Number of protein chains: 2
Amino acid sequence: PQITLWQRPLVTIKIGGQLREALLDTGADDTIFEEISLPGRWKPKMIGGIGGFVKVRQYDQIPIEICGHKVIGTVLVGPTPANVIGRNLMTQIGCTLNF
Amino acid sequence: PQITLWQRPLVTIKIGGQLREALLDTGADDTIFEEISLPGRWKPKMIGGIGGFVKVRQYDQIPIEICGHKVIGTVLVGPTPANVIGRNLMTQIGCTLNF
Ligand SMILES: CC(C)(C)NC(=O)[C@@H]1CN(Cc2cccnc2)CCN1C[C@@H](O)C[C@@H](Cc1ccccc1)C(=O)N[C@H]1c2ccccc2C[C@H]1O
């Protein structure tokens, strides 16, 4: 579908059997969620954003359903005021910016 | 323009007679630049991002040309690792997300 930007670009997702809302964020290179549980090993990682850096866990090859589309990718879990779907996963559902 | 997301969605803009590049960022409600000079009065403002808060100057009704389109809006100036064009200006150039 097409989404205008008068309101935050929120989409419902299913990840690790949990349901969450996340922002389709073209300004984010990666995908990050606050408080969700993922299984398996992970690698520590620090991502930078506006306001500073945050230490997160990096989980690879994680299945995630974005607004109905089933894809798999790297997902970060760590402190964030909003769950974000980055470009790493937006390219998988074929999302584009248009004007 | 349609823009895919395999690479950062950068656009060249002109604001206050200065040229710079900025990220089309659907995850940002506001527009912020670091390292630019704007004229007139402004109001202090705390902005929250992924890594914490940043103190910035808020300038209203500032003309800005984004990828050739001339619009006007609120622009923040303060510490940021990347210039960002938020939803407040993307709606003015009719930018939409599609998938
Ligand atoms: C991978 C990771 C997710 C850490 N990336 C980012 O946070 C990038 C960082 N770059 C920079 C970078 C840093 C390090 C290395 N390369 C690049 C600048 C742009 N952000 C993307 C932003 O869109 C993220 C949002 C997150 C958010 C949404 C809603 C509520 C809270 C947090 C963001 O920063 N939003 C805020 C925001 C942002 C700009 C202007 C106004 C406002 C207000 C608000 O919407």
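We name chains A, B, ... by the order of the sequence lines, and we start the count at 1 in each one. Ligands are counted one by one from 1 in listed order, and the atoms in each one are counted from 1 as well.
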Pairs of nitrogen or oxygen atoms, one from ligand 1 and one from the protein, closer than 3.5 Å: please tabulate them with distances.
from: ligand 1; atom 1: 16 (N); to: B:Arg8; atom 2: NH2; distance (Å): 3.1
from: ligand 1; atom 1: 23 (O); to: A:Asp25; atom 2: OD1; distance (Å): 3.1
from: ligand 1; atom 1: 23 (O); to: A:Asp25; atom 2: OD2; distance (Å): 2.7
from: ligand 1; atom 1: 23 (O); to: B:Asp25; atom 2: OD1; distance (Å): 3.0
from: ligand 1; atom 1: 23 (O); to: B:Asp25; atom 2: OD2; distance (Å): 2.8
from: ligand 1; atom 1: 45 (O); to: B:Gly27; atom 2: O; distance (Å): 3.4
from: ligand 1; atom 1: 45 (O); to: B:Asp29; atom 2: N; distance (Å): 3.0
from: ligand 1; atom 1: 45 (O); to: B:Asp29; atom 2: OD2; distance (Å): 3.2

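Annotation for B:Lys43: atom NZ does not count as buried by contact number, only 12 or fewer foreign heavy atoms lying within 6.0 Å. Within 6.0 Å of the CD atom in B:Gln61, the count of heavy atoms belonging to other residues, nucleotides or ligands does not exceed 12. In this structure, A:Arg8 places its CZ atom where only 12 or fewer heavy-atom neighbours from other residues, nucleotides or ligands lie under 6.0 Å away.
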Does B:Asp30 form a side chain to side chain contact (heavy atoms under 4.5 Å, CB included) with B:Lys45? I'd like the steps, not just the answer. CA-CA 12 Å; B:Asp30 313 309; B:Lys45 183 177 180 174; 3.7 Å; yes

Identify all side-chain donor-acceptor contacts of residues 78-90 of chain A below 3.5 Å with residues at least two apart in sequence or on another chain.
from: A:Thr80; atom 1: OG1; to: A:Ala82; atom 2: N; distance (Å): 3.3
from: A:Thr80; atom 1: OG1; to: A:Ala82; atom 2: O; distance (Å): 2.8
from: A:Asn83; atom 1: OD1; to: A:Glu34; atom 2: N; distance (Å): 2.8
from: A:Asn83; atom 1: ND2; to: A:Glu21; atom 2: O; distance (Å): 3.2
from: A:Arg87; atom 1: NH1; to: B:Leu5; atom 2: O; distance (Å): 2.9
from: A:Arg87; atom 1: NH1; to: B:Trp6; atom 2: O; distance (Å): 3.4
from: A:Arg87; atom 1: NH2; to: A:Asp29; atom 2: OD1; distance (Å): 2.8
from: A:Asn88; atom 1: OD1; to: A:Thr31; atom 2: N; distance (Å): 3.4
from: A:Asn88; atom 1: OD1; to: A:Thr31; atom 2: OG1; distance (Å): 2.7
from: A:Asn88; atom 1: ND2; to: A:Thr74; atom 2: O; distance (Å): 3.0

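Of the candidates B:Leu76, B:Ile13, B:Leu38, B:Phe33 forms a side-chain contact (heavy atoms from CB on, under 4.5 Å) with just one, namely B:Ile13.
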